[PDB]
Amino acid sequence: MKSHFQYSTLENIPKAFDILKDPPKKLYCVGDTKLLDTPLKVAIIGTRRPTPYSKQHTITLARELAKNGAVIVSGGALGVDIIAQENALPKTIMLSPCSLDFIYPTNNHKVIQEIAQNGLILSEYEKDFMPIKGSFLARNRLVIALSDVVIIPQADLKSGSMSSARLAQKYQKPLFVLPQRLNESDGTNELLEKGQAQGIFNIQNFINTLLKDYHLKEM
């Protein structure tokens, strides 16, 4: 699916990317590059098939953070990603796994269009580049490096979410996850089990504690 987006090259690579083993040498952009200057960026990533439970709290977290000064960063994927980003509009930044002349995934086209208009989409791929395993992985590192904090509402083991969670640890980004029952989100529960992530046991307090840590007003 062609995007028909009008895009250009990003003038300056965010310094947040310098922590990366292999920073992007060149980035392409469509939308509001001012979003890159915001004080609080929160990554929200997760499974392509969240439960109603996960979906419900993903919406609240995204909506409330975006409404109170944060910018939500994600990969625009089916499920948790696109849910967070739609509910954060227009304070949201997407890292694309393909070049900006294409929409992926197809079914998210409507929301992705709205991000291109009112939010920001970045890509490391100039044109004609359909997504492949390595480009999903590569853009995940950008999602993590760009963000101050990383939330994973729900995720299985051996998922992109878990490789991103490893990156979050490697790059010292605080990891947060939703409390989940046995067997429903083994990835996030493993992170809890090993003390590699903090549980979000109260949505409003978590949000307010984040706002304060970054000198924004609470709710």
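Note that residue numbering follows the sequence shown and begins at 1.
With 65 to 73 and 173 to 181 compared on mean CA B-factor from the PDB entry, the stretch scoring higher is 65 to 73. In this entry, the higher average B-factor at the C-alpha atoms falls on 145 to 153, of the pair 145 to 153 and 75 to 83.
Compared with the other modelled residues of the chain, the Cα B-factor recorded for residue 168 ranks in the middle third. When all modelled residues of the chain are sorted by CA temperature factor, residue 45 is found within the lowest third. When the modelled residues of the chain are ordered by their C-alpha B factor, residue 30 lands in the lowest third. Annotation for residue 109: CA B-factor lies in the middle third of the chain's modelled residues. Per the PDB record, residue ranking by Cα B-factor puts residue 130 in the lowest third of the chain.
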